[PDB]
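K.L.:
here is the input, now give the coordinates:
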Amino acid sequence: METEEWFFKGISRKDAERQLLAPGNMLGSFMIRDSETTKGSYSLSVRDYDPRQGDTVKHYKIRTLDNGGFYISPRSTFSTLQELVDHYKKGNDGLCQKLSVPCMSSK
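P.N.:
Numbering: from 1, shown residues only. Below you will find the coordinate block:
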């Protein structure tokens, strides 16, 4: 029917970078992961490129509100991450580059 594997366990930033730079993903690939040390917080990771360095990976912290949900920019927040992911799929609207497709996961 349909599956959503854009979210990953408490993976490390180095492990998330190895999964992105890994052979399979490409520019536009994004993934979410919960904090490791500072539990309760989230961390987003997307793929980006530079005309100077080249292939790179961006990481945006995701904070929560006392009475809300999760937000990255002090403009618009989201009660859920599923709504922020969809919004990010429609356009960056804050990010450097809109989202394309979620990390790969096929067996």
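K.L.:
pull the residues that contact the longest helix anywhere in the chain.
P.N.:
Longest helix in the chain, counting residues (DSSP state H): helix 81-90. The contact list for helix 81-90, computed with Cβ atoms under 8 Å, 6 or more residues apart in numbering, reads 4, 6-7, 30, 32, 42, 62, 69-70, 72, 78, 93, 95, 98-99. Placement of C-beta: from N, CA and C, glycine included.
K.L.:
let's see it at 6 Å
P.N.:
With contacts defined as Cβ atoms under 6 Å, 6 or more residues apart in numbering, helix 81-90 is touched by 70, 78, 99.
K.L.:
tell me which of those residues fall in strands.
P.N.:
Judged by DSSP state E, the subset of these located in strands is residue 70.
K.L.:
so the residue nearest to residue 36 when sequence neighbours are not counted, which state does it fall into?
P.N.:
Nearest non-adjacent residue to residue 36, counting by Cβ to Cβ, 6 or more residues apart in numbering: residue 10, 4.8 Å away. Classification of residue 10 by DSSP: H, G, I helix; E, B strand; the rest coil places it in coil.
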